[PDB]
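Quick heads-up: it's one chain on its own, the form solved without ligand DTR, in structure tokens.
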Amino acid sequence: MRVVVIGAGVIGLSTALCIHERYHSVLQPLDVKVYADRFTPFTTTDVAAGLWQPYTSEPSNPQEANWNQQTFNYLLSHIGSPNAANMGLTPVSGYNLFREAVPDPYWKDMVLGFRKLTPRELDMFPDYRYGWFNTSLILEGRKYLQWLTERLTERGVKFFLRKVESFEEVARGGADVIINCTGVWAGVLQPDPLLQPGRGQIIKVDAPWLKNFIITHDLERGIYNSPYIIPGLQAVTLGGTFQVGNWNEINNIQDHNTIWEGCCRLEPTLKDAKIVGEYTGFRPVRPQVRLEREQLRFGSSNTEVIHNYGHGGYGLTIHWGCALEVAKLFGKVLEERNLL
């Protein structure tokens, strides 16, 4: 069959791989090709902190909780492998600081070693009087993409720099099945008011002495609209902005002072940190992830399409689960066509 994936982010490449690994043996020419107007490190995936943590609230679709859980285990099963770090994967323990007592997250048991913070530990962060501690994983979006690209390439998959203007051209181009992993820009290919950008700015800095992630929470200003320090492989990520509706791709000094001044107050040792870089990205916000099939006829050419976008600020946290689901829906596309 001829598969066409649009999107070179974590959802694009992970879904492409998951599809190939699943049906390359049963399907003869499985022409999977990737179409993107910008590849790594130019994606939102590259700008991501990398940490594995869903929101503090339950998703509207419990399927997502399932997909997160599946993504943790998939990545957890890699801990103990020599190529874990080369995939951009490594463990990290950390805190979630609250200005007041909050209920446990739904993902409390998904993560490793969850427990509430003792007052003795809160003494480290005076601005907050409640929190959680747990162990999770780092999935450096950039490193993970270079890996997936490296993996898919050897799988025979071809990448093409192309801004898809419509599903039309792709279908008539020869696409038997089209996987739409276009993120926050999906509305172009097909209008969806539910998808809005969740602008975020970060400050990548050299502060290697920082091992633990630290995520503070302001219940009034919204999720990730509070400072956070999230260590990665080669650097640390400082952030604290989530602006929904903002399409400004430029870094503003206003947010630079909120992040820095906030993070530096969180961790005073940050004063010695050498700023490596600063970026801005658009989290694909949607009331719920769009992962479903859709048939599209274009003059007899009934082209099947499967969407997978709207992952907001948990794209790396949910990538494998969602990808596994697309492959499941791709099987049904294969069997209704009697192609299996």
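Residue numbers here begin at 1 and follow the sequence given. We call the rigid core the largest set of C-alpha positions that still match within 1.5 Å between the two forms.
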- With the rigid core held as the alignment frame, decide whether 295-303 or 43-51 lies farther from the shown form in 4 other deposited structures of this protein, in terms of RMS C-alpha distance. 295-303
- Would you determine, from the values in the PDB entry, which of 314-322 and 327-335 has the greater average C-alpha temperature factor? 327-335
- With respect to the recorded C-alpha B factors, which stretch has the higher mean value, 65-73 or 27-35? 27-35
- Task: Have a look at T303, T280, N308, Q53 and flag the one whose Cα has the highest B-factor in the entry.
- Result: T303
- For the listed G187, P82, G239, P105, which has the peak Cα B-factor recorded in the PDB entry? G187
- Message: By the recorded C-alpha temperature factor, relative to the other modelled residues in its chain, which third is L291 in?
- Response: middle
- Task: Rank-wise, by C-alpha B-factor, drop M87 into the lowest, middle or highest third of its chain.
- Result: middle
- By the record's CA B-factor, is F98 among the lowest, middle or highest third of residues in the chain? middle
- Message: Where does the C-alpha B-factor of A49 rank in its chain, lowest, middle or highest third?
- Response: highest
- By the record's CA B-factor, is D109 among the lowest, middle or highest third of residues in the chain? lowest
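Separately, the form deposited with ligand DTR bound exists; it is not shown, and the next lines address it.
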- Item | Options 83-91, 171-179, 122-130, 146-154; stretch whose heavy atom lies within 4.5 Å of ligand DTR in the entry with it bound | 171-179
- Item | Contact label in the entry with it bound: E278 to ligand DTR, heavy atom within 4.5 Å | no
- Task: Tell me, yes or no, whether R2 is in contact with ligand DTR in the entry with it bound, where a contact means a heavy atom of each within 4.5 Å.
- Result: yes
- Indicate whether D31 is a 4.5 Å heavy atom neighbour of ligand DTR in the entry with it bound. yes
